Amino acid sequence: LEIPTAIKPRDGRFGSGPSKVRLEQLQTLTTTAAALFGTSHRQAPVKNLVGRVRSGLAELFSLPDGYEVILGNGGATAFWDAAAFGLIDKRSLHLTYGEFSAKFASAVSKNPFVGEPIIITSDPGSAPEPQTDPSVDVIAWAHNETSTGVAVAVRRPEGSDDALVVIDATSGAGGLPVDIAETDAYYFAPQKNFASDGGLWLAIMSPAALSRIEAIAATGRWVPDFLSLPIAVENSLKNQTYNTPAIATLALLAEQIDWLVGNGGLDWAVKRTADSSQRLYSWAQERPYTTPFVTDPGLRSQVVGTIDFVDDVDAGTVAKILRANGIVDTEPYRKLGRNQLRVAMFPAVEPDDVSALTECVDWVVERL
């Protein structure tokens, strides 16, 4: 099946990380950023680039006093292990409702430097309510569960005074609203809403989280240096990382932050993803062969939309035909095992392209 060009989106990338890298943003690598490549991360030109990223994120996320942008190599998966060693003192409570929220709880359960976590589960497509427990000093959940398309509210739970709020915003940060004052560690990686590459983690940390990192280091608890949050904080405060970061990753990230801030900031990004996701969900509701996987509209992610298909319409065949027509990465999370499409709607994704995608899906399904 050859989809007519007239109905095709301008950009066919609907992947949930890595995701659409804007043409003008990628072009900065051979132009405005060409002179930064291959230069020292211990010298002013690359340190100023890290500085642009940190102050840019501080502006975009309206950071309260004493909050800091901390960064290091590895991506969000490395941050899970760094946080298990460095942020959790004795015990944590985790909400699990998909791949990424479950994987952080599983990393904490296996880590022999911290206690057995309390795990509150819910079926995929749903989420438990943010909650606390008197025996925990960390409470963790994902702002956006990328495998299921579920977005959860980011609020400091009642009676959680003695616990840090540790939020995996890998696919949520930059596309969803957030009051950073409600968090202690709001972490992410650049390949989703920030339209950059993986291999770097970023974490917005509160004064309580920074003090906690210092207090845990002061106990003498061992941590491999690569996963050390005290070393990552020491370096981040001076526009550096512990080891050599990727200049391309920082250059693409800084360009996306500038673009988001220049468009009106987080409020603009949230309006944009609301617009894209409204097009996707309204279409999924209208068509008799589709339905949103997430039944609670309050949990339906603005940035990652999981659309279930009925028995007689094979979503896998639809995804294959779309891919053969250059409309890529609509395949559901590889481990979920559902007759579903997963569509990313991060701010780089044009809302009109989400509309064009739905028309392409209708066109293909009518010819199956």
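All residue numbers refer to positions in the sequence shown, first residue = 1.
Set 233 to 241 against 277 to 285 and average the Cα temperature factors; 277 to 285 ends up higher. Legend: mean Cα B-factor per stretch from the PDB entry, 249 to 257 versus 293 to 301; the higher mean is in 293 to 301. Per the PDB record, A218 has a higher Cα B-factor than any other of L93, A169, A218, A76. The residue among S147, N263, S211, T183 whose C-alpha carries the highest B-factor in the deposited model is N263.
The PDB entry assigns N193 a C-alpha temperature factor belonging to the middle third of its chain's modelled residues. Ranked within its chain, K20 lands in the lowest third, by CA B factor from the PDB record. Among the modelled residues of its chain, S106 has a C-alpha B-factor that falls in the middle third, as given in the PDB entry. Among all modelled residues in its chain, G72 ranks in the lowest third by Cα B-factor. Per-chain ranking of the deposited C-alpha B factor places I139 in the middle third.
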